[PDB]
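Colleague: Supplied in structure tokens, the structure appears directly below.
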Amino acid sequence: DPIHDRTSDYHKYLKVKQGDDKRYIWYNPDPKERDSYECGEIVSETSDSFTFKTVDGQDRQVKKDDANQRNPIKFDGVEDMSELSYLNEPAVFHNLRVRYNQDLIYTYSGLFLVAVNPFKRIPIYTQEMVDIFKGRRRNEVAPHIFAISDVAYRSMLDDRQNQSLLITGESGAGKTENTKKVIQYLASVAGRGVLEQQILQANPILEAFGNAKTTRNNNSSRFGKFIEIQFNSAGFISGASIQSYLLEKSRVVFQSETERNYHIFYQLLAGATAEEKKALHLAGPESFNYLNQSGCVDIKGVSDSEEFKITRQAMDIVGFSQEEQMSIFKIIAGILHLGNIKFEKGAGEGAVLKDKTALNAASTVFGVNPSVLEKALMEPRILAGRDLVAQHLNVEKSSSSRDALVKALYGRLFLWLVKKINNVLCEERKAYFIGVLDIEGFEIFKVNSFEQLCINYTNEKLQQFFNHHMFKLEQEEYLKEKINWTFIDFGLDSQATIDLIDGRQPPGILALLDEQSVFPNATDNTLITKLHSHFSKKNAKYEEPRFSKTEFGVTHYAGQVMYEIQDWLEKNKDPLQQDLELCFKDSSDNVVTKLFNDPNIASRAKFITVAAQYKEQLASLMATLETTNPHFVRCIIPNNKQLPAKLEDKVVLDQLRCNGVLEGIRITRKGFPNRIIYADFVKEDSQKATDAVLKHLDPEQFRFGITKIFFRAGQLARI
Ligand SMILES: Nc1ncnc2c1ncn2[C@@H]1O[C@H](COP(=O)(O)OP(=O)(O)O)[C@@H](O)[C@H]1O
Ligand code: BEF
Ligand SMILES: [Mg+2]
């Protein structure tokens, strides 16, 4: 029994090792750097302040309700931060750091599982590790993604209720790795198996087409996902379903320095056989504009040819036909060829295509007519007035249209891959489900565009959902034992920002964006002007900048975010010339044809803008989450260098402020956080027996209940 054998890998890798007076505080040696603390010993006090000795042996003073008291050393490495007497920033970080120093990357903080990326392998995900967590309560085993997974599974079986695990945090923090562990765990504890294996193999497929090397993560997820693992009433896996969100289609046509395009492009060019290579007119990455601009074509530690074998293997297991696999690769190759089309200026303003090589190669692989494609690109017919007239586009517009075609192809293909996978995995009458959400947390970059607003909008709703969940839990517990606290549902605090974004009346940002989009005469400038007209000095969550004419600020839960408006109209309409649509609807390829003829893939439904679709999909997601018992995982990146053993105070503390753990862990401290059953406290009339152990020593520090005794912050600690 590894849990009781101190020599087990369990004890070594998941527990603080077990063998056979004065007060301190955390202070800043430099008051400008609020996150760099040292430990100072308190030596004296007045009533409104402390005096402590710094490391450089000095004497300073600070107010009492400003002091960051250090918890007693015995608490260093505690598994649940709910046990800490003090929950100030430095204290919370200190406990995370003591654990991290011991390669203990998982820690609870109330409802949250906090997971700090180790950036090295830690052997805690083997089958033996899996077996240990089966059936164990959270407080019976060490913190681990497997423990939250198990707790969810048992809750599903015991309560006959659907569950969700929300795994968030910034890019590179560990969301996807932890999501994969959840799926591994469920697969093992609830599996047989062909199905289990098909479920596991869906991942590699999606990651090949949806992930890419960015500066923050060698394997960054460029789309969000909600994975529904389905179970029959006996508790065995019966199916799965995947919903994808906000695929970064722009990456296909542009990548920042040192970043890569999606993995699949490199897998194909490196793993294709001689036959395929000549048959798809392939070459090295350096010969494709869509792959030769960033300066990076490889990832240290990754073999694209090997990965390609893994990808094909996953495709076989899931059941993609050889013909379907070939067509998928034809689409990937065609996109690269489209990227190599060089438009040049003609006699007039109209672009021309001198060399037909890439056009023909693309047209050959896609199975479309090159003459029809060339015209669709350079001379699309537009409905001007009552006349349908072919317009001759210049180099810029021709290039942009080509890029639009590429993004539409990649986006539609990804959607098709997801639906194909769902066709194999989905139940179709499932009894219960455990849903896993793997999406980015709040994003605040140097430049924030429409995609950031969308993700921040999602996070506002998820944060509100968390706060409302807490309110309900506490309200129920208090109203159960009858115990007068009036607390406010902090979820209400999120409504103003949410309304600013998605409100109908008065119209919010998305509604104004839609209004500017589906009617003529609008530009980025008319759009930003309208937003200012509606919200500047009129909505408390909005800010018109002092100088910029193209940005606006929104006060989000995690801070103000400044958005730039460039291209929002285009992003919201996501246009593709009808002649291009017509061009590809005639494709001879079996997959290409679905991408343009199946309305479930070719069209947003009845149009609707991108913002409206996003709003609807998020509302559907929230409605599903509301029917579940939720579990929360906060992934934390230790630094911005992808290095192990380097837990950077500033980097970590910022994430703790913006993800809700600092705020959340304190909410319970308002009122009576500790509640213990009478009989368990005394160890006849339990109530009186307790009234007597307490009276043997301030009644205001406690409020008896119907089954438990309620203590105020720190009181239980004193006893
Ligand atoms: N628990 C972990 N153990 C080992 N490596 C990890 C772990 N979690 C994160 N990784 C490392 O960090 C990288 C990024 O993690 P990932 O889950 O892709 O981040 P996100 O999905 O939050 O953008 C991984 O590819 C891996 O190298
Ligand atoms: F880059 Be991680 F997927 F957010
Ligand atoms: Mg990811």
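In the structure tokens, chains take the letters A, B, ... in the order shown, each chain's residues start at 1, and ligands count up from 1 in the order shown.
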Given a cut-off of 10 Å, what residues near ligand 2 show up using only C-alpha atoms and all ligand atoms, put as an MDAnalysis selection string?

Modeller: chainID A and resid 168:177 207 210:224 438:441 635

Colleague: Determine, counting only C-alpha atoms, which protein, DNA and RNA residues have an atom within 10 Å of an atom of region 594-609 of chain A; residues of the same chain fewer than 6 positions away are not included. Present the result as a ChimeraX atom specification.

Modeller: /A:408-416,419,510,513-514,517-518,569,571-574,580-587,615

Colleague: Output the selection as a compact mmCIF listing (two decimals), in the first residue's frame - N, CA and C atoms for each residue.

Modeller:
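Result file is out_34.txt:
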# COMPACT_ATOMS: atom_id res chain seq x y z
N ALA A 408 -10.08 29.96 -44.87
CA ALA A 408 -11.38 29.30 -44.94
C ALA A 408 -11.17 27.81 -45.12
N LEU A 409 -10.22 27.45 -45.95
CA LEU A 409 -9.94 26.04 -46.16
C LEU A 409 -9.44 25.37 -44.88
N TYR A 410 -8.52 26.04 -44.19
CA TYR A 410 -7.95 25.44 -42.99
C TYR A 410 -9.00 25.36 -41.90
N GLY A 411 -9.74 26.44 -41.70
CA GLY A 411 -10.77 26.46 -40.68
C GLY A 411 -11.83 25.41 -40.93
N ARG A 412 -12.27 25.30 -42.18
CA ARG A 412 -13.32 24.33 -42.51
C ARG A 412 -12.83 22.91 -42.37
N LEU A 413 -11.61 22.66 -42.81
CA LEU A 413 -10.99 21.34 -42.64
C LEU A 413 -10.93 20.95 -41.15
N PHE A 414 -10.51 21.88 -40.29
CA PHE A 414 -10.43 21.58 -38.86
C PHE A 414 -11.81 21.19 -38.30
N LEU A 415 -12.82 21.96 -38.67
CA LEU A 415 -14.19 21.67 -38.27
C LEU A 415 -14.64 20.29 -38.75
N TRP A 416 -14.26 19.96 -39.98
CA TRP A 416 -14.59 18.66 -40.55
C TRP A 416 -13.90 17.55 -39.77
N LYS A 419 -15.82 17.03 -36.56
CA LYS A 419 -17.10 16.33 -36.77
C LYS A 419 -16.90 14.85 -37.12
N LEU A 510 -20.37 44.11 -28.89
CA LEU A 510 -20.67 43.14 -29.94
C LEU A 510 -21.87 43.55 -30.79
N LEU A 513 -20.79 46.42 -33.04
CA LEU A 513 -19.93 45.81 -34.05
C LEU A 513 -20.80 45.16 -35.13
N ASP A 514 -21.79 44.39 -34.70
CA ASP A 514 -22.70 43.75 -35.66
C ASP A 514 -23.46 44.81 -36.47
N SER A 517 -21.32 46.15 -39.01
CA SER A 517 -20.92 45.11 -39.96
C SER A 517 -21.93 44.80 -41.05
N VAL A 518 -23.19 44.60 -40.67
CA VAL A 518 -24.19 44.12 -41.63
C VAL A 518 -24.90 45.22 -42.39
N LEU A 569 -14.27 44.84 -38.44
CA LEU A 569 -15.38 44.64 -39.35
C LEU A 569 -15.15 43.39 -40.21
N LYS A 571 -13.05 40.91 -39.55
CA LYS A 571 -13.03 39.75 -38.68
C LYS A 571 -14.45 39.30 -38.37
N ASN A 572 -15.36 40.26 -38.24
CA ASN A 572 -16.72 39.92 -37.84
C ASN A 572 -17.52 39.31 -38.97
N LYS A 573 -17.18 39.69 -40.19
CA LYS A 573 -17.85 39.18 -41.38
C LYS A 573 -17.15 37.94 -41.93
N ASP A 574 -15.84 37.86 -41.70
CA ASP A 574 -15.02 36.77 -42.19
C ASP A 574 -15.35 36.40 -43.65
N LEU A 580 -15.03 32.34 -55.26
CA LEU A 580 -14.10 31.35 -54.71
C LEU A 580 -14.92 30.19 -54.18
N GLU A 581 -16.00 30.51 -53.50
CA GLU A 581 -16.90 29.49 -52.97
C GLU A 581 -17.39 28.63 -54.13
N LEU A 582 -17.78 29.29 -55.22
CA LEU A 582 -18.24 28.61 -56.43
C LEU A 582 -17.13 27.75 -57.01
N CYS A 583 -15.92 28.29 -57.01
CA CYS A 583 -14.77 27.59 -57.54
C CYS A 583 -14.59 26.24 -56.90
N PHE A 584 -14.59 26.20 -55.57
CA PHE A 584 -14.33 24.98 -54.79
C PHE A 584 -15.53 24.04 -54.61
N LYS A 585 -16.75 24.56 -54.77
CA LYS A 585 -17.93 23.72 -54.70
C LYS A 585 -17.92 22.68 -55.83
N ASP A 586 -17.15 22.96 -56.88
CA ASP A 586 -17.02 22.08 -58.04
C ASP A 586 -15.84 21.13 -57.90
N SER A 587 -15.17 21.15 -56.75
CA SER A 587 -13.99 20.31 -56.54
C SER A 587 -14.27 18.84 -56.81
N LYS A 615 -20.97 34.45 -29.30
CA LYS A 615 -21.87 34.68 -28.16
C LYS A 615 -22.78 33.46 -27.95

Colleague: Taking 4 positions as the minimum chain separation for residues in the same chain, which residues sit within 12 Å of residue 401 (chain A) when counting only C-alpha atoms? Answer as number ranges by chain.

Modeller: A: 253, 338-339, 341, 343, 373-380, 393-397, 405-408, 570, 574-581

Colleague: Skipping near chain neighbours, those fewer than 3 positions away, what residues fall within 8 Å of residue 14 (chain A) using only C-alpha atoms, listed as a PyMOL selection string?

Modeller: chain A and resi 9-11+104+124+142-143

Colleague: What does the distance between CA of residue 115 (chain A) and atom 1 (N, counted along the ligand's line) of ligand 1 come to in Å, to one decimal place?

Modeller: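 Distance between the two atoms: 7.7 Å.
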
Colleague: Give me the residues within 7 Å of residue 261 (chain A) as an MDAnalysis selection string, counting only C-alpha atoms and dropping any in the same chain fewer than 6 places off.

Modeller: chainID A and resid 212 251:252 255 291

Colleague: For the selection you just gave me, I'd like the residues written to a file as an mmCIF file, in the first residue's frame, keeping N, CA and C atoms.

Modeller:
data_model
loop_
_atom_site.group_PDB
_atom_site.id
_atom_site.type_symbol
_atom_site.label_atom_id
_atom_site.label_comp_id
_atom_site.auth_asym_id
_atom_site.auth_seq_id
_atom_site.Cartn_x
_atom_site.Cartn_y
_atom_site.Cartn_z
ATOM 1 N N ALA A 212 0.793 24.636 -32.432
ATOM 2 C CA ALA A 212 1.965 25.187 -33.094
ATOM 3 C C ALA A 212 2.967 25.728 -32.082
ATOM 4 N N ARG A 251 -2.698 32.101 -38.413
ATOM 5 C CA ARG A 251 -1.367 31.495 -38.275
ATOM 6 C C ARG A 251 -0.968 30.774 -39.563
ATOM 7 N N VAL A 252 -1.959 30.289 -40.289
ATOM 8 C CA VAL A 252 -1.676 29.548 -41.503
ATOM 9 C C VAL A 252 -0.929 30.445 -42.500
ATOM 10 N N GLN A 255 3.344 33.994 -39.477
ATOM 11 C CA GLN A 255 3.856 33.575 -38.173
ATOM 12 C C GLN A 255 4.932 34.563 -37.707
ATOM 13 N N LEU A 291 5.772 28.925 -44.777
ATOM 14 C CA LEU A 291 6.664 28.244 -43.837
ATOM 15 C C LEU A 291 8.098 28.776 -43.789
#

Colleague: Considering only C-alpha atoms, state which residue in the set A:453, A:389, A:498, A:676 is at the smallest distance from residue 246 (chain A).

Modeller: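 The closest residue to residue 246 (chain A) is A:453.
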
Colleague: Name the residues of region 77-265 of chain A that come out as strand (DSSP E) in a backbone DSSP run; write them as a PyMOL selection string.

Modeller: chain A and resi 106-109+112-116+163-168+211-212+220-221+224-231+237-245

Colleague: Which one is closest to residue 661 (chain A): A:472, A:634, A:538, A:63? Count only C-alpha atoms.

Modeller: A:634

Colleague: What parts of region 260-505 of chain A does DSSP call helix (DSSP H, G or I)? I'd like the answer as a PyMOL selection string.

Modeller: chain A and resi 263-271+274-279+285-287+304-318+322-339+357-366+370-378+395-425+450-481+490-502

Colleague: What would the file look like if the residues just selected were written as a CSV table (one decimal), in the first residue's frame with C-alpha atoms?

Modeller:
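That gives us selection_23.csv:
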chain,number,residue,atom,x,y,z
A,263,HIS,CA,2.6,21.2,-36.7
A,264,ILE,CA,0.9,19.3,-39.6
A,265,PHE,CA,2.7,21.3,-42.3
A,266,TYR,CA,6.1,20.2,-41.0
A,267,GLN,CA,4.9,16.7,-40.3
A,268,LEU,CA,3.8,16.3,-43.9
A,269,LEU,CA,6.9,17.7,-45.6
A,270,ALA,CA,9.2,15.7,-43.4
A,271,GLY,CA,7.2,12.5,-43.2
A,274,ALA,CA,8.8,9.8,-52.2
A,275,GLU,CA,5.5,8.9,-53.9
A,276,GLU,CA,3.4,11.4,-51.9
A,277,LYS,CA,6.1,14.1,-52.2
A,278,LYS,CA,6.1,14.2,-56.0
A,279,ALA,CA,2.4,13.5,-56.1
A,285,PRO,CA,9.8,24.1,-45.8
A,286,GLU,CA,12.2,26.7,-47.1
A,287,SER,CA,10.4,26.7,-50.4
A,304,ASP,CA,8.4,16.0,-37.3
A,305,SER,CA,8.8,12.8,-39.4
A,306,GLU,CA,8.2,10.6,-36.3
A,307,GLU,CA,5.2,12.8,-35.2
A,308,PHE,CA,3.8,12.4,-38.7
A,309,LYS,CA,3.8,8.6,-38.2
A,310,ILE,CA,2.0,9.2,-34.9
A,311,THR,CA,-0.6,11.4,-36.6
A,312,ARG,CA,-1.2,8.9,-39.3
A,313,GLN,CA,-1.5,6.1,-36.8
A,314,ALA,CA,-4.1,8.1,-34.8
A,315,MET,CA,-6.0,8.6,-38.0
A,316,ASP,CA,-6.1,4.9,-38.7
A,317,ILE,CA,-7.2,4.1,-35.2
A,318,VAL,CA,-10.0,6.6,-35.3
A,322,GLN,CA,-6.8,6.0,-46.6
A,323,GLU,CA,-8.6,8.1,-49.3
A,324,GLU,CA,-9.7,10.6,-46.6
A,325,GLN,CA,-6.2,10.8,-45.2
A,326,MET,CA,-4.9,11.5,-48.7
A,327,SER,CA,-7.4,14.2,-49.3
A,328,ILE,CA,-6.5,15.8,-45.9
A,329,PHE,CA,-2.9,15.9,-47.1
A,330,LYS,CA,-4.0,17.2,-50.4
A,331,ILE,CA,-5.7,20.2,-48.7
A,332,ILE,CA,-2.6,20.8,-46.6
A,333,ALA,CA,-0.4,20.7,-49.7
A,334,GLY,CA,-2.7,22.9,-51.7
A,335,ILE,CA,-2.7,25.6,-49.0
A,336,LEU,CA,1.1,25.7,-49.2
A,337,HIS,CA,0.8,26.0,-53.0
A,338,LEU,CA,-1.7,28.8,-52.7
A,339,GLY,CA,0.7,30.6,-50.4
A,357,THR,CA,3.2,26.9,-61.3
A,358,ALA,CA,1.8,27.3,-57.7
A,359,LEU,CA,-1.7,28.0,-59.0
A,360,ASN,CA,-1.6,24.8,-61.1
A,361,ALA,CA,-0.1,22.7,-58.3
A,362,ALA,CA,-2.7,24.0,-55.9
A,363,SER,CA,-5.4,23.5,-58.5
A,364,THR,CA,-4.2,20.0,-59.1
A,365,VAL,CA,-4.2,18.9,-55.5
A,366,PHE,CA,-7.5,20.6,-54.6
A,370,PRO,CA,-7.0,26.7,-62.4
A,371,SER,CA,-8.6,29.1,-64.8
A,372,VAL,CA,-11.7,29.4,-62.6
A,373,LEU,CA,-9.5,29.7,-59.5
A,374,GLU,CA,-7.3,32.4,-61.2
A,375,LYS,CA,-10.4,34.5,-62.1
A,376,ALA,CA,-12.0,33.9,-58.7
A,377,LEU,CA,-8.8,35.3,-57.1
A,378,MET,CA,-8.1,38.2,-59.4
A,395,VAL,CA,-1.9,43.0,-55.8
A,396,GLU,CA,-3.0,43.8,-52.2
A,397,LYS,CA,-6.6,42.7,-52.6
A,398,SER,CA,-5.7,39.7,-54.7
A,399,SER,CA,-3.2,38.5,-52.0
A,400,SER,CA,-5.7,39.2,-49.2
A,401,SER,CA,-8.4,37.2,-51.0
A,402,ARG,CA,-6.0,34.3,-51.5
A,403,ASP,CA,-5.2,34.4,-47.8
A,404,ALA,CA,-8.9,34.4,-47.0
A,405,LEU,CA,-9.3,31.3,-49.2
A,406,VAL,CA,-6.5,29.6,-47.3
A,407,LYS,CA,-7.9,30.5,-43.9
A,408,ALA,CA,-11.4,29.3,-44.9
A,409,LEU,CA,-9.9,26.0,-46.2
A,410,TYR,CA,-7.9,25.4,-43.0
A,411,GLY,CA,-10.8,26.5,-40.7
A,412,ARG,CA,-13.3,24.3,-42.5
A,413,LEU,CA,-11.0,21.3,-42.6
A,414,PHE,CA,-10.4,21.6,-38.9
A,415,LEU,CA,-14.2,21.7,-38.3
A,416,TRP,CA,-14.6,18.7,-40.6
A,417,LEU,CA,-11.9,16.7,-38.7
A,418,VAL,CA,-13.7,17.5,-35.4
A,419,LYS,CA,-17.1,16.3,-36.8
A,420,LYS,CA,-15.6,13.2,-38.3
A,421,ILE,CA,-14.0,12.4,-34.9
A,422,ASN,CA,-17.3,13.0,-33.1
A,423,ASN,CA,-19.1,10.7,-35.6
A,424,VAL,CA,-17.0,7.8,-34.3
A,425,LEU,CA,-16.9,8.7,-30.6
A,450,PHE,CA,-11.0,40.9,-31.5
A,451,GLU,CA,-9.9,37.4,-30.5
A,452,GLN,CA,-8.6,38.7,-27.1
A,453,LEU,CA,-12.0,40.4,-26.5
A,454,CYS,CA,-13.7,37.1,-27.3
A,455,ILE,CA,-11.5,35.0,-24.9
A,456,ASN,CA,-11.7,37.7,-22.1
A,457,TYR,CA,-15.5,37.7,-22.6
A,458,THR,CA,-15.5,33.9,-22.0
A,459,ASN,CA,-13.3,34.3,-18.9
A,460,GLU,CA,-15.6,36.9,-17.5
A,461,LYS,CA,-18.4,34.4,-17.7
A,462,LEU,CA,-16.3,31.6,-16.2
A,463,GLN,CA,-15.1,33.7,-13.4
A,464,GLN,CA,-18.7,34.8,-12.7
A,465,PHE,CA,-19.6,31.1,-12.7
A,466,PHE,CA,-17.0,30.3,-10.2
A,467,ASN,CA,-18.0,33.2,-7.9
A,468,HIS,CA,-21.7,32.2,-8.2
A,469,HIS,CA,-20.8,28.6,-7.4
A,470,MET,CA,-19.1,29.7,-4.2
A,471,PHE,CA,-22.1,31.9,-3.2
A,472,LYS,CA,-24.5,29.0,-3.7
A,473,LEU,CA,-22.3,26.5,-1.7
A,474,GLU,CA,-21.9,28.9,1.2
A,475,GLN,CA,-25.5,30.0,1.1
A,476,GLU,CA,-26.6,26.4,1.3
A,477,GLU,CA,-24.2,25.5,4.1
A,478,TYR,CA,-25.3,28.5,6.2
A,479,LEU,CA,-29.0,28.2,5.5
A,480,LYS,CA,-28.6,24.5,6.4
A,481,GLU,CA,-27.3,25.0,9.9
A,490,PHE,CA,-20.0,38.3,-5.9
A,491,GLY,CA,-21.1,36.9,-9.3
A,492,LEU,CA,-23.2,40.0,-9.6
A,493,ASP,CA,-20.0,42.1,-9.8
A,494,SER,CA,-19.2,40.6,-13.2
A,495,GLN,CA,-22.5,41.6,-14.9
A,496,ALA,CA,-21.5,45.2,-15.8
A,497,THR,CA,-18.5,44.1,-17.9
A,498,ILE,CA,-20.4,41.2,-19.4
A,499,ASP,CA,-23.3,43.6,-20.3
A,500,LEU,CA,-20.8,46.1,-21.8
A,501,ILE,CA,-19.6,43.4,-24.1
A,502,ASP,CA,-22.7,41.4,-25.0

Colleague: Can you work out which one of A:548, A:28, A:707, A:85 has the shortest atom-to-atom distance to residue 686 (chain A), counting only C-alpha atoms?

Modeller: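 When distances to residue 686 (chain A) are compared using only C-alpha atoms, the smallest one comes from A:707.
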
Colleague: Between CA of residue 591 (chain A) and CA of residue 201 (chain A), what is the spacing in Å?

Modeller: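 According to the coordinates, CA of residue 201 (chain A) and CA of residue 591 (chain A) are separated by 21.0 Å.
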
Colleague: Write out as a PyMOL selection string the residues lying within 8 Å of region 667-675 of chain A, counting only C-alpha atoms and excluding same-chain residues fewer than 5 positions away.

Modeller: chain A and resi 485+702+708-713+716

Colleague: Env of residue 149 (chain A): 12 Å cut, atoms = only C-alpha atoms, seq-sep filter 2 positions within chain, self excluded. Answer as a short mmCIF file (atom, residue, chain, number, x, y, z; two decimals) with N, CA and C atoms, in the first residue's frame.

Modeller:
data_model
loop_
_atom_site.label_atom_id
_atom_site.label_comp_id
_atom_site.auth_asym_id
_atom_site.auth_seq_id
_atom_site.Cartn_x
_atom_site.Cartn_y
_atom_site.Cartn_z
N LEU A 113 -7.61 23.29 -7.53
CA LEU A 113 -6.36 22.56 -7.64
C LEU A 113 -5.40 23.51 -8.38
N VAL A 130 -1.79 5.91 -11.18
CA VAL A 130 -3.22 5.90 -11.45
C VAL A 130 -3.95 5.01 -10.43
N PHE A 133 -4.83 6.34 -6.85
CA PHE A 133 -5.88 7.31 -6.64
C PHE A 133 -7.31 6.74 -6.72
N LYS A 134 -7.46 5.57 -7.32
CA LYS A 134 -8.79 4.97 -7.43
C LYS A 134 -9.54 5.05 -6.12
N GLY A 135 -10.73 5.63 -6.13
CA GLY A 135 -11.58 5.61 -4.96
C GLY A 135 -11.15 6.37 -3.73
N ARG A 136 -10.05 7.12 -3.80
CA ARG A 136 -9.61 7.86 -2.63
C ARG A 136 -10.14 9.28 -2.58
N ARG A 137 -10.61 9.68 -1.40
CA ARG A 137 -11.12 11.02 -1.18
C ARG A 137 -9.98 12.03 -1.26
N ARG A 138 -10.33 13.25 -1.62
CA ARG A 138 -9.35 14.31 -1.76
C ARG A 138 -8.42 14.44 -0.55
N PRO A 143 -2.39 15.95 -3.28
CA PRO A 143 -2.91 16.70 -4.43
C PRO A 143 -2.36 16.14 -5.75
N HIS A 144 -3.23 16.06 -6.74
CA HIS A 144 -2.89 15.52 -8.04
C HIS A 144 -4.08 15.69 -8.98
N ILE A 145 -3.79 15.91 -10.26
CA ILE A 145 -4.83 15.96 -11.29
C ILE A 145 -5.68 14.66 -11.27
N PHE A 146 -5.06 13.52 -10.94
CA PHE A 146 -5.76 12.25 -10.85
C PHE A 146 -6.77 12.23 -9.70
N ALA A 147 -6.47 12.92 -8.59
CA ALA A 147 -7.36 12.96 -7.43
C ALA A 147 -8.62 13.76 -7.75
N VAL A 151 -12.36 12.25 -7.87
CA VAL A 151 -13.41 12.85 -7.06
C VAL A 151 -14.61 13.16 -7.95
N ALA A 152 -14.33 13.66 -9.15
CA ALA A 152 -15.39 13.94 -10.10
C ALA A 152 -16.13 12.67 -10.51
N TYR A 153 -15.37 11.63 -10.83
CA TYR A 153 -15.91 10.33 -11.24
C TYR A 153 -16.81 9.74 -10.15
N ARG A 154 -16.37 9.80 -8.90
CA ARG A 154 -17.16 9.25 -7.79
C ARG A 154 -18.42 10.07 -7.57
N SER A 155 -18.29 11.39 -7.73
CA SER A 155 -19.44 12.27 -7.60
C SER A 155 -20.46 11.94 -8.69
N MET A 156 -19.98 11.65 -9.89
CA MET A 156 -20.86 11.30 -10.98
C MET A 156 -21.65 10.03 -10.58
N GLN A 163 -20.54 16.12 -14.51
CA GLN A 163 -19.45 16.87 -13.88
C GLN A 163 -18.69 17.69 -14.91
N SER A 164 -17.98 18.71 -14.45
CA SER A 164 -17.08 19.43 -15.34
C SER A 164 -15.76 19.75 -14.62
N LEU A 165 -14.68 19.81 -15.39
CA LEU A 165 -13.38 20.20 -14.87
C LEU A 165 -12.96 21.34 -15.77
N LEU A 166 -12.74 22.51 -15.19
CA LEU A 166 -12.35 23.69 -15.95
C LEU A 166 -10.87 23.92 -15.68
N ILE A 167 -10.07 23.77 -16.72
CA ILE A 167 -8.62 23.88 -16.61
C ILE A 167 -8.19 25.11 -17.40
N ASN A 178 -2.39 18.63 -18.44
CA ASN A 178 -3.30 18.19 -17.37
C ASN A 178 -4.62 17.65 -17.93
N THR A 179 -5.14 18.28 -18.98
CA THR A 179 -6.32 17.75 -19.67
C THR A 179 -6.07 16.30 -20.14
N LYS A 180 -4.93 16.06 -20.77
CA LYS A 180 -4.56 14.73 -21.24
C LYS A 180 -4.47 13.73 -20.08
N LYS A 181 -4.02 14.18 -18.91
CA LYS A 181 -3.96 13.31 -17.73
C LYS A 181 -5.36 12.93 -17.25
N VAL A 182 -6.26 13.91 -17.24
CA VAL A 182 -7.65 13.64 -16.86
C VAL A 182 -8.21 12.54 -17.78
N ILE A 183 -8.02 12.69 -19.08
CA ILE A 183 -8.56 11.72 -20.03
C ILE A 183 -7.93 10.33 -19.82
N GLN A 184 -6.61 10.31 -19.57
CA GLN A 184 -5.89 9.07 -19.29
C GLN A 184 -6.47 8.37 -18.10
N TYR A 185 -6.68 9.14 -17.03
CA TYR A 185 -7.19 8.63 -15.79
C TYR A 185 -8.59 8.03 -15.96
N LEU A 186 -9.50 8.77 -16.60
CA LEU A 186 -10.89 8.32 -16.80
C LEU A 186 -10.86 7.06 -17.67
N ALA A 187 -10.04 7.09 -18.72
CA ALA A 187 -9.89 5.96 -19.62
C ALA A 187 -9.50 4.69 -18.86
N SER A 188 -8.64 4.84 -17.86
CA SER A 188 -8.16 3.71 -17.09
C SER A 188 -9.18 3.25 -16.07
N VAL A 189 -9.70 4.17 -15.26
CA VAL A 189 -10.57 3.74 -14.17
C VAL A 189 -11.96 3.36 -14.66
N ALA A 190 -12.37 3.87 -15.82
CA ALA A 190 -13.71 3.58 -16.35
C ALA A 190 -13.73 2.81 -17.68
N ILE A 229 -16.47 13.48 -21.96
CA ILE A 229 -16.29 12.05 -21.82
C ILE A 229 -17.63 11.51 -21.33
N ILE A 434 -18.60 13.62 -18.05
CA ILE A 434 -17.63 14.48 -17.37
C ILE A 434 -17.00 15.31 -18.49
N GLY A 435 -17.15 16.62 -18.40
CA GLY A 435 -16.68 17.50 -19.45
C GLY A 435 -15.40 18.19 -19.02
N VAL A 436 -14.42 18.28 -19.91
CA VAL A 436 -13.16 18.93 -19.58
C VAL A 436 -12.94 20.11 -20.51
N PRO A 630 -19.11 21.46 -10.93
CA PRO A 630 -17.81 21.87 -11.47
C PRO A 630 -16.62 21.66 -10.54
N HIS A 631 -15.45 21.51 -11.16
CA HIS A 631 -14.18 21.34 -10.46
C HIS A 631 -13.19 22.28 -11.17
N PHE A 632 -12.34 22.94 -10.40
CA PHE A 632 -11.51 24.02 -10.95
C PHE A 632 -10.02 23.76 -10.80
N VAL A 633 -9.33 23.82 -11.92
CA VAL A 633 -7.89 23.62 -11.98
C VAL A 633 -7.26 24.91 -12.52
#

Colleague: Which is closer to ligand 1 than all the others in A:349, A:196, A:543, A:103, using only C-alpha atoms and all ligand atoms?

Modeller: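 Counting only C-alpha atoms and all ligand atoms, the residue closest to ligand 1 is A:103.
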
Colleague: Between CA of residue 241 (chain A) and CA of residue 618 (chain A), measure the distance and give it in Å to one decimal.

Modeller: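 Separating CA of residue 241 (chain A) from CA of residue 618 (chain A) is a distance of 16.6 Å.
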
Colleague: From the set A:26, A:37, A:13, A:119, which residue has the shortest atom-to-atom contact distance to ligand 1, counting only C-alpha atoms and all ligand atoms?

Modeller: A:119

Colleague: Quick one: of A:302, A:665, A:619, A:437, who's nearest to ligand 3, counting only C-alpha atoms and all ligand atoms?

Modeller: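 That would be A:437, the residue with the smallest distance to ligand 3.
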